[PDB]
Amino acid sequence: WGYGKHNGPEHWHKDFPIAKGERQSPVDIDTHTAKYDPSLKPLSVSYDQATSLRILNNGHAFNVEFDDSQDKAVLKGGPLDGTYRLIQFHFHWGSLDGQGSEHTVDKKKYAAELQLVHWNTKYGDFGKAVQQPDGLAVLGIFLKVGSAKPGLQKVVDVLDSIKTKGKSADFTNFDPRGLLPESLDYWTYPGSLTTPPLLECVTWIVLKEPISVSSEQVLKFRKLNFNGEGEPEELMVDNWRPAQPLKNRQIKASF
Ligand SMILES: [Zn+2]
């Protein structure tokens with residue numbers, strides 16, 4: 001599977017039937033239909049003790065991985081119950097500035113989307129969390145092209161070293177707190193992973209406020225390869241999945 005003409009998201013359902021499921025992501029967020037639920041608690045992002053460990057090009061995106069052996073970087077509160085541990089973050093971007101995000105707001109696509117992935121600790125490990133309806137909490141953050149995001153630059157400079165699929169580089173002491181927008185207002189709805197196995201185990205938390213990055217910054221993402229070293233070069237761009245039917249779901253807004 002991939003994002004090309006013959007192995008794209010429209011073919012996924014053949015190897016993964018859940019792709020036509022009842023709670024697939026991403027979805028379009030209709031700001032006028034989202035329900036303000038005054039019972040949603042604020043979000044608690046505790047990323048101070050975060051231990052980043054490595055950056056890896058997995059052929060579909062680049063993943064920055066964190067040590068999840070203890071409650072170092074967690075997320076709780078909001079619509080969640082229990083403590084969700086951060087395991088990795090990655091992005092989805094376009095070949096152009098008008099597209100790249102997975103979620104969209106009133107049909108507006110963004111230049112890219114940051115997804116911070118966390119698993120419910122009650123389940124012991126990541127492998128077991130994905131098999132539960134409330135196993136994952138994914139924090140989605142929109143990126144628009146404007147002024148540079150200083151905090152993101154350390155990530156941008158290491159990309160040259162993980163150009164092709166299968167490559168990784170040690171990536172310690174990265175502080176993910178520098179990627180958060182100023183506000184923590186969000187929309188939330190029950191959903192799924194956006195790449196195969198496309199499991200419906202995710203509580204999505206999409207932040208209202210996007211962060212800006214510079215054109216020079218996103219352009220660096222576009223120099224990545226889906227291919228492995230020594231294979232024909234295929235640029236890693238447009239690795240995003242299109243919106244899926246909302247169906248029997250309600251999108252709640254914390255504001
Ligand atoms: Zn993703």
# chains A, B, ... in the order shown; residues from 1 in each chain; ligands from 1
$ select_by_dssp --residues "segment 141-209 of chain A" --states "strand (DSSP E)" --output "PyMOL selection string"
chain A and resi 141-145+168-170+186-191+202-207
$ closest_atom_pairs --of "chain A" --to "ligand 1" --cutoff "8 Å" --atoms "only C-alpha atoms and all ligand atoms" --output "Markdown table"
| residue | atom | partner | partner_atom_place_in_ligand_line | distance |
| --- | --- | --- | --- | --- |
| A:90 | CA | ligand 1 | 1 (Zn) | 6.3 |
| A:91 | CA | ligand 1 | 1 (Zn) | 6.1 |
| A:92 | CA | ligand 1 | 1 (Zn) | 6.3 |
| A:114 | CA | ligand 1 | 1 (Zn) | 7.6 |
| A:115 | CA | ligand 1 | 1 (Zn) | 5.7 |
| A:193 | CA | ligand 1 | 1 (Zn) | 7.1 |
| A:194 | CA | ligand 1 | 1 (Zn) | 5.7 |
| A:195 | CA | ligand 1 | 1 (Zn) | 6.7 |
| A:240 | CA | ligand 1 | 1 (Zn) | 7.8 |
$ write_last_selection --atoms "N, CA and C atoms" --output "compact mmCIF listing (two decimals), in the first residue's frame"
# COMPACT_ATOMS: atom_id res chain seq x y z
N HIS A 90 4.42 12.41 13.88
CA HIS A 90 4.81 12.45 12.48
C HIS A 90 3.89 13.43 11.78
N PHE A 91 4.12 13.66 10.50
CA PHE A 91 3.32 14.61 9.75
C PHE A 91 2.82 13.99 8.46
N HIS A 92 1.91 14.73 7.84
CA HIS A 92 1.32 14.43 6.52
C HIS A 92 1.42 15.77 5.82
N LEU A 114 0.36 17.72 11.82
CA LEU A 114 1.19 17.06 12.83
C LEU A 114 0.27 16.18 13.64
N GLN A 115 0.66 14.93 13.83
CA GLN A 115 -0.12 13.99 14.63
C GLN A 115 0.77 13.42 15.74
N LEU A 193 -7.02 5.07 12.86
CA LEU A 193 -5.68 5.35 12.39
C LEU A 193 -5.92 5.80 10.94
N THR A 194 -5.05 6.64 10.38
CA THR A 194 -5.28 7.06 9.01
C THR A 194 -4.44 6.28 8.03
N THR A 195 -3.63 5.33 8.51
CA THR A 195 -2.88 4.46 7.62
C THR A 195 -3.21 3.03 8.04
N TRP A 240 -1.16 11.86 2.37
CA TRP A 240 -2.32 12.13 3.22
C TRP A 240 -3.54 11.36 2.75
$ closest_atom_pairs --of "segment 121-207 of chain A" --to "segment 57-78 of chain A" --cutoff "8 Å" --atoms "only C-alpha atoms" --output "CSV"
residue,atom,partner,partner_atom,distance
A:162,CA,A:57,CA,5.7
A:163,CA,A:57,CA,7.1
A:164,CA,A:57,CA,6.4
A:165,CA,A:59,CA,4.4
A:166,CA,A:58,CA,5.6
A:167,CA,A:57,CA,5.6
A:168,CA,A:57,CA,6.2
A:171,CA,A:64,CA,7.6
$ write_last_selection --atoms "N, CA, C and O atoms" --output "tab-separated table (two decimals), in the first residue's frame"
chain	number	residue	atom	x	y	z
A	162	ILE	N	17.98	10.83	6.94
A	162	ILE	CA	16.99	9.74	6.83
A	162	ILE	C	16.21	9.94	5.50
A	162	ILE	O	14.99	9.85	5.45
A	163	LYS	N	16.95	10.19	4.43
A	163	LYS	CA	16.36	10.45	3.14
A	163	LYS	C	15.48	9.35	2.59
A	163	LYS	O	14.40	9.62	2.10
A	164	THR	N	15.96	8.11	2.67
A	164	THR	CA	15.26	6.97	2.12
A	164	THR	C	14.68	6.02	3.16
A	164	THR	O	15.05	6.04	4.33
A	165	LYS	N	13.75	5.18	2.70
A	165	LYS	CA	13.02	4.23	3.53
A	165	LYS	C	13.95	3.28	4.25
A	165	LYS	O	14.90	2.78	3.67
A	166	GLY	N	13.69	3.10	5.54
A	166	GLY	CA	14.50	2.22	6.35
A	166	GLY	C	15.61	2.88	7.15
A	166	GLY	O	16.20	2.25	8.04
A	167	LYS	N	15.93	4.13	6.82
A	167	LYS	CA	16.98	4.85	7.54
A	167	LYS	C	16.46	5.55	8.79
A	167	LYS	O	15.32	6.02	8.84
A	168	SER	N	17.31	5.57	9.82
A	168	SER	CA	17.00	6.23	11.07
A	168	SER	C	18.27	6.89	11.60
A	168	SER	O	19.39	6.63	11.15
A	171	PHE	N	17.98	10.70	17.74
A	171	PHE	CA	17.39	12.02	17.82
A	171	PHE	C	16.94	12.30	19.24
A	171	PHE	O	15.75	12.29	19.54
$ residues_around --residues "residue 156 of chain A" --least-positions-apart "2" --cutoff "10 Å" --atoms "only C-alpha atoms" --output "PyMOL selection string"
chain A and resi 151-154+158-160+216-221
$ closest_residue --among "A:2, A:225, A:116, A:20" --to "residue 177 of chain A" --atoms "only C-alpha atoms"
A:116
$ residues_around --residues "residue 201 of chain A" --least-positions-apart "5" --cutoff "6 Å" --atoms "only C-alpha atoms" --output "ChimeraX atom specification"
/A:130,132-136,192
$ write_last_selection --atoms "C-alpha atoms" --output "PDB file, in the first residue's frame"
ATOM      1  CA  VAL A 130      -4.786  -0.540  19.149  1.00  0.00           C
ATOM      2  CA  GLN A 132      -9.475  -1.242  21.936  1.00  0.00           C
ATOM      3  CA  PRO A 133     -12.063   1.451  21.091  1.00  0.00           C
ATOM      4  CA  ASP A 134     -10.376   3.891  23.484  1.00  0.00           C
ATOM      5  CA  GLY A 135      -6.844   2.679  23.056  1.00  0.00           C
ATOM      6  CA  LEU A 136      -5.360   5.669  21.286  1.00  0.00           C
ATOM      7  CA  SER A 192      -9.291   5.562  13.349  1.00  0.00           C
TER       8      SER A 192
END
$ residues_around --residues "residue 238 of chain A" --least-positions-apart "6" --cutoff "8 Å" --atoms "only C-alpha atoms" --output "PyMOL selection string"
chain A and resi 3+92-95+99-100
$ write_last_selection --atoms "N, CA, C and O atoms" --output "PDB file, in the first residue's frame"
ATOM      1  N   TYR A   3       0.611   5.712  -1.593  1.00  0.00           N
ATOM      2  CA  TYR A   3      -0.212   6.880  -1.903  1.00  0.00           C
ATOM      3  C   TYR A   3      -0.207   7.170  -3.402  1.00  0.00           C
ATOM      4  O   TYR A   3      -0.678   8.216  -3.849  1.00  0.00           O
ATOM      5  N   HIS A  92       1.907  14.728   7.840  1.00  0.00           N
ATOM      6  CA  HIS A  92       1.320  14.434   6.522  1.00  0.00           C
ATOM      7  C   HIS A  92       1.421  15.772   5.816  1.00  0.00           C
ATOM      8  O   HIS A  92       1.011  16.787   6.385  1.00  0.00           O
ATOM      9  N   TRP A  93       1.961  15.778   4.603  1.00  0.00           N
ATOM     10  CA  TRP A  93       2.124  17.014   3.851  1.00  0.00           C
ATOM     11  C   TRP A  93       1.831  16.854   2.336  1.00  0.00           C
ATOM     12  O   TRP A  93       1.718  15.731   1.805  1.00  0.00           O
ATOM     13  N   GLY A  94       1.704  17.995   1.658  1.00  0.00           N
ATOM     14  CA  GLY A  94       1.417  18.001   0.236  1.00  0.00           C
ATOM     15  C   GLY A  94       2.604  18.313  -0.656  1.00  0.00           C
ATOM     16  O   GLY A  94       3.725  18.520  -0.188  1.00  0.00           O
ATOM     17  N   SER A  95       2.367  18.257  -1.960  1.00  0.00           N
ATOM     18  CA  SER A  95       3.397  18.558  -2.934  1.00  0.00           C
ATOM     19  C   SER A  95       3.288  20.046  -3.206  1.00  0.00           C
ATOM     20  O   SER A  95       4.130  20.614  -3.861  1.00  0.00           O
ATOM     21  N   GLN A  99      -2.512  21.791  -0.094  1.00  0.00           N
ATOM     22  CA  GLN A  99      -2.945  20.496   0.359  1.00  0.00           C
ATOM     23  C   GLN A  99      -1.856  19.851   1.184  1.00  0.00           C
ATOM     24  O   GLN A  99      -0.680  20.201   1.086  1.00  0.00           O
ATOM     25  N   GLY A 100      -2.261  18.878   1.981  1.00  0.00           N
ATOM     26  CA  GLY A 100      -1.313  18.173   2.809  1.00  0.00           C
ATOM     27  C   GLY A 100      -1.945  17.669   4.075  1.00  0.00           C
ATOM     28  O   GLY A 100      -1.555  16.620   4.558  1.00  0.00           O
TER      29      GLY A 100
END
$ closest_residue --among "A:83, A:212, A:33, A:120" --to "residue 180 of chain A" --atoms "only C-alpha atoms"
A:212
$ atom_distance --atom1 "atom CA of residue 196 of chain A" --atom2 "atom CA of residue 56 of chain A"
17.9 Å
$ select_by_dssp --residues "segment 49-186 of chain A" --states "helix (DSSP H, G or I)" --output "PDB file with C-alpha atoms, in the first residue's frame"
ATOM      1  CA  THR A 121      -1.775   2.961  29.755  1.00  0.00           C
ATOM      2  CA  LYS A 122      -4.539   0.814  31.224  1.00  0.00           C
ATOM      3  CA  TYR A 123      -3.695  -1.543  28.316  1.00  0.00           C
ATOM      4  CA  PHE A 126       0.855  -0.193  22.195  1.00  0.00           C
ATOM      5  CA  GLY A 127       0.034  -3.491  20.505  1.00  0.00           C
ATOM      6  CA  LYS A 128      -2.848  -4.108  22.925  1.00  0.00           C
ATOM      7  CA  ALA A 129      -4.107  -0.496  22.906  1.00  0.00           C
ATOM      8  CA  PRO A 150      11.801  27.835  15.538  1.00  0.00           C
ATOM      9  CA  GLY A 151      11.087  24.661  17.535  1.00  0.00           C
ATOM     10  CA  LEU A 152      10.722  22.575  14.364  1.00  0.00           C
ATOM     11  CA  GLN A 153      14.082  23.441  12.910  1.00  0.00           C
ATOM     12  CA  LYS A 154      16.047  20.670  14.665  1.00  0.00           C
ATOM     13  CA  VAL A 155      13.753  18.185  12.885  1.00  0.00           C
ATOM     14  CA  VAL A 156      14.217  19.931   9.535  1.00  0.00           C
ATOM     15  CA  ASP A 157      18.038  19.703   9.725  1.00  0.00           C
ATOM     16  CA  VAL A 158      18.159  15.962  10.338  1.00  0.00           C
ATOM     17  CA  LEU A 159      15.982  14.993   7.342  1.00  0.00           C
ATOM     18  CA  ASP A 160      19.012  14.787   5.070  1.00  0.00           C
ATOM     19  CA  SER A 161      20.221  11.806   7.102  1.00  0.00           C
ATOM     20  CA  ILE A 162      16.988   9.739   6.827  1.00  0.00           C
ATOM     21  CA  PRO A 176       7.908  18.568  21.503  1.00  0.00           C
ATOM     22  CA  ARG A 177       6.509  21.478  23.536  1.00  0.00           C
ATOM     23  CA  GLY A 178       7.896  23.818  20.897  1.00  0.00           C
ATOM     24  CA  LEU A 179       5.375  22.542  18.294  1.00  0.00           C
TER      25      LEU A 179
END
